[PDB]
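Take a look at this single chain, the form deposited in one PDB entry, given in structure tokens.
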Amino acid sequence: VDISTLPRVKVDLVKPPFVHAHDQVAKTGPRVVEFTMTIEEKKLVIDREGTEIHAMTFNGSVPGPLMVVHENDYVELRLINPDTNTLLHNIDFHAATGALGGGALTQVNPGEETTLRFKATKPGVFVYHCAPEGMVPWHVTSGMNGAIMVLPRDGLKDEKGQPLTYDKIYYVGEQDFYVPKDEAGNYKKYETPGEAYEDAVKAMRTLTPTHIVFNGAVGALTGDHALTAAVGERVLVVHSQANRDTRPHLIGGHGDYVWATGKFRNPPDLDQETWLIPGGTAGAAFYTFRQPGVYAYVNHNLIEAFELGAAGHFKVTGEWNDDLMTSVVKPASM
């Protein structure tokens, strides 16, 4: 059917780890869903030491916002590159078919904008990222990536095909940064992106990230910014890594249903302790909380988690269940 006869809905995006409102089960027919993103190059402090990088972002955040649509909707993205930026940008959706995922059609210089439309033919969570020719990994590893979730029209289903409904949804973007280091091991500082470029490339070629972070910084998902839930709540965590393999794990919990490679036509993996999300992929895990307290959600290369930054927290409220776990004899001398 002609695309102009379809309903149009405008969505205003929210900052990760939160997700714009949507329906899990499609309450309308196929729609054109309109999104707007504004590219912002900005300085970002990424660790406790105060290390500052020139970040490249969709909509001011690392990661970019989670977009949510249904299978066989059209996504129409208006991408704006304001004159206050210095670099050329575009967008590649792994959800889309053709033209390097939209990248060949979305090249915007500072002061320009573009509008792309594509049909979301496959259900799943998918990465999107910047991909300007000749400079792809530098943009991606400077923060310029996010995800899109294309839900099946009748929502998520379990391994036997019965409905799974989430009560909350969070989006964790995991970012590998490669801050250039001198012979002594200190982090180098640069006046312009062009002066930074070759040293960025050499740092990248080490294949050894200096920082691995959730939501753009060491400790961004802790303390006052801890994710929250209650005992009994069904939580979906969408997790993306545009460049590098990760292995999420909820310390004290599990992934009850896991799409490790993120595509909903496949049955979920059950009862996972840890799952592998390949670089260039987004995955999703569903968990029902059974105990209260503090949970850590980490990349289970524990060096990556506790030294390089790939750890966040859940604060969960509710009743303690002594049947599931109890201290029989509390720590004491003998």
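All residue numbers are counted from 1 along the displayed sequence. Throughout, rigid core stands for the largest set of C-alpha atoms superposing within 1.5 Å between the two forms.
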Higher of the two mean Cα B-factors (92-100, 106-114; per PDB record) comes from 106-114
Taking only the CA atoms, which stretch has the higher mean B-factor in the record, 216-224 or 69-77?
216-224
Could you say which of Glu34, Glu304, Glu273, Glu52 has its CA atom at the highest B factor, as listed in the PDB entry?
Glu52
From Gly253, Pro248, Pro123, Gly185, residue of greatest CA B-factor
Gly185
CA B-factor placement of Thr28, once the chain's modelled residues are sorted into thirds:
highest
Within-chain third of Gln162 by Cα B-factor, per the entry
highest
By the record's CA B-factor, is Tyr170 among the lowest, middle or highest third of residues in the chain?
lowest
Thinking about Cα B factors across the chain, which third does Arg48 belong to?
highest
Entry-reported C-alpha B-factor of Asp176 relative to its chain, by third, is lowest
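There is another form of the same protein, the form deposited in another entry; it is not shown, and what comes next is about it.
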Superpose on the rigid core, then report which one of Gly161, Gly185, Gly134, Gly98 has a CA displacement of at least 2 angstroms between the shown form and the other one.
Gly185
On a core-based superposition, does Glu195 travel 2 Å or more at its Cα between the shown form and the other one?
yes
At a change of 3 Å or more, would you call the C-alpha separation of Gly102 and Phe58 in that other deposited form closer or farther than in the form supplied?
farther
Assuming the CA distance changes by 3 angstroms or more, are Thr36 and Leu100 closer together or farther apart in that other deposited form compared with the shown structure?
closer
